[PDB]
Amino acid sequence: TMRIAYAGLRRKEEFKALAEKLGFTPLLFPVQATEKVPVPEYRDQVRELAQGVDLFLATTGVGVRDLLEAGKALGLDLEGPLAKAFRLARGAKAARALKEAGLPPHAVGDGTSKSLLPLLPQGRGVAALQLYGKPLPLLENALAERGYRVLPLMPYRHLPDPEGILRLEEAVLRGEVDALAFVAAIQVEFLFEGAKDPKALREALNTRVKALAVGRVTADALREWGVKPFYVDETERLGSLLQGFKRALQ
């Protein structure tokens, strides 16, 4: 019996059906509140960024593209200020987006926030931080340490389901799950941030429980929290994640 916990919000019925088709026991453990809250002040944050900053930290390709488009849509010069700024990309996707904008990063990480820490210079003025639904305490705390005021930039807010998060952590730590499928990096992050014992959670997912990730970006978030993903699907198709898992077992 392979008992796979599904952390996603959508495609619950689809996950359950595919699990039983492949001989697994599906368990539903969502970790987010539903759904996208708009951040009304986006737009004002982008206006503030155009006033000029000392550092720009990009986390996602989509987020860089959104920001630059909003800038142009709002009649602002962002390229000016961003070309003078020291520029960091957390991973390859954020780096590609900046490179395509003629603003290639000065420092690129490995997809994890922690890889940026030794690459952050000291240390004055404003660090614009582009963001994908939630605060990034490790990065934000480090930027304060380095001497920067943080200017957060994100169009939408994602919220955790704290009770949901605790139920999933309990289920894992009580040995009631064999594998854990995350379909978004935000799920990984909410789980570990909201867990009572993130360290025990990590050791469990590295030994007895197999962490499954939809896409490299989700796998990046597991690696941030010290988890080696058991399997990572590059297709973003649930049947493919689950067949891939069934295959790797071995």
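A residue's number is simply how far along the shown sequence it sits, counting from 1.
In this entry, 238-246 has the higher mean Cα B-factor, the comparison being between 223-231 and 238-246. When the mean C-alpha temperature factors of 40-48 and 62-70 are read from the deposited coordinates, 40-48 comes out higher.
Of the residues listed, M154, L120, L78, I165, the entry assigns the biggest Cα temperature factor to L120.
Comparing C-alpha B-factors across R87, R124, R90, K134 in the deposited entry, the largest value falls on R124. Among the modelled residues of its chain, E169 has a C-alpha B-factor that falls in the lowest third according to the deposited record. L205: CA B factor lies in the lowest third for its chain, per the PDB record. In the PDB entry, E35 places in the highest third of its chain by CA B-factor. When all modelled residues of the chain are sorted by CA temperature factor, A95 is found within the lowest third. When the modelled residues of the chain are ordered by C-alpha B-factor, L129 sits in the lowest third.
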